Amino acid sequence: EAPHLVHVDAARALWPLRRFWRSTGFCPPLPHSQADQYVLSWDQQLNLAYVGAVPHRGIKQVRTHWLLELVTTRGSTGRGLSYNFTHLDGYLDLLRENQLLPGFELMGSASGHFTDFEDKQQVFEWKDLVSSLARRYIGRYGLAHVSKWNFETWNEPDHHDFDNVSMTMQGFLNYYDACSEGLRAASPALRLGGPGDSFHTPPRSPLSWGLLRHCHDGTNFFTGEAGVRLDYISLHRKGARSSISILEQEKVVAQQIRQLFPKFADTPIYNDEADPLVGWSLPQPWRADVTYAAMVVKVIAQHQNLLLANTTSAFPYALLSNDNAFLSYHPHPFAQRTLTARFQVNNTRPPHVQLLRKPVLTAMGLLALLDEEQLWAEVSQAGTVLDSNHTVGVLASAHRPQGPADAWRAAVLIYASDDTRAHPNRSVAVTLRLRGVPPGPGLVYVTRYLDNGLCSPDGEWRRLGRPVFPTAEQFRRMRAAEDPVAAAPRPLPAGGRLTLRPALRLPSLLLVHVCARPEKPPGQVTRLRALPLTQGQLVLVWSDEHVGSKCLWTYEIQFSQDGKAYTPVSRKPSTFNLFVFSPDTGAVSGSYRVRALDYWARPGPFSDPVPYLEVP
């Protein structure tokens, strides 16, 4: 078989490249009124630390169901009604602590107070609850912050998961007007969209189409004004194992909306559950490893190249979210649709929890390296040009430099993916010809590579015999496979051109990073935290907000016990903003500090030191 040729032209920055995929989401389990226990548990604290640690704000939003089950009430409609926001504060603070935003679905019953969206008193109360919420979080976080949040309707109104709430077609419309007026009363600057459903062919999905008809033509329950604002339209379409099918289904719904509701011609569209396959909890081997990670990249490449890049349609697609922040269950720690693999290690005194970063999470780190301009690229095989609707594709970006702490970069991400199918004995020959690299000081390139043989913690877990309660040693062995294989910085050839011939597996991901040397070294690591795991172990997590350049080789972690000299912690190169520290001696009490190391072996300054004393 002829090699796949991938040509990238760094002299042709074509149009902006938006990072429209920086979202995840989850649903707490039953009973929903106990969402607080799932959402504020140590598991979730760890889980969100991992979501937030993807570098360069690679994941921004966490679309969370049943947020309003986190609010309780005192009194009643008649004698005076009060809200207790404590558990909601807890969860929202937890997101903020990890630099994440909620996908704020206005979903739940405030501990069973709201039962009927056609009851006029209830609709008026809802409006005030929504204003109270917004005003509260505007005061707690600032208007600039909260006005970044995608407030959204109840999830999947056409799927009837309303617990004991009666939400008719009319009810849903009243509920919507209360949301819209509730938020508007707090501030006209806040964003609301919906309905978050399939938009199946009419007469199906009637609440969804209903909502659009209501906002476009109906009358506001409170003001009586014609038309109600709708800032974005969110749909769900999953691929039933096909990547390109997600896009095909989207184009069909977008077309129907464009024709039926002209006022909505420019209204941004979200697919905020854009998963390969419906049913997060169904174990699938491909969800465990690079198969799913490469498919996630493939789906994003298809959106960028076949939808956003230009088109006849040029339809206003703004967000894609893989709904994958759920926590996994025994006996399927790795094979559920989750960013992390959860191990409830019950045999320690006391029981504890460990998470492993799955390849899909790691791949979000690769997408995070993409910069703000798209470069011209073209994939071909035997002289035939292949668009991203094929097993091999590419996404290539460039960065226009600003300060002395910055310089030109190109990021080239290549995927080899047959959707949900792995091909363990296939090898795909690729010839990458990058040309038109502008001249610049100290031009180097670094490669990062993911496949199932080298970077699958699931694979390592199976090689160890799938231990249900892995040992500390066995966890170390599993984690050694979390990061891509990194190759040390190499100078670019003379002349402006780079050509590589990597052999890709199916699936695999390859990121080729080309950087010119910024004048100044990296910035400081901030917000370092040390969180207990169990006797002998902790997780370090930090922020890269002030680090500056994306041309990072690793973070150097240093440890000092007894005021004694700081000593580097030996480990794989990694740009992930979190590390599980589990030394063989078990010695973890002391101080820690972390700094960025760039592609030219320059350090940024150390974080403030962080004391840690193990409670015995």
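One-based numbering along the sequence shown.
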item	value
Between the two ranges 179 to 187 and 160 to 168, the one averaging a larger CA B factor in the entry	160 to 168
Between 314 to 322 and 295 to 303 (mean CA B-factor, as deposited), the higher	314 to 322
Identity of residue with top Cα B-factor, from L133, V444, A429, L192	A429
Criterion, highest CA B-factor; candidates, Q99, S82, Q344, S281	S82
For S591, the third of its chain into which the C-alpha B factor falls	middle
Chain-relative CA temperature factor third for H513	lowest
Chain-relative CA temperature factor third for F579	lowest
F117, C-alpha B-factor rank within chain (lowest, middle or highest third)	middle
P16 - Cα temperature factor, lowest/middle/highest third of chain	highest
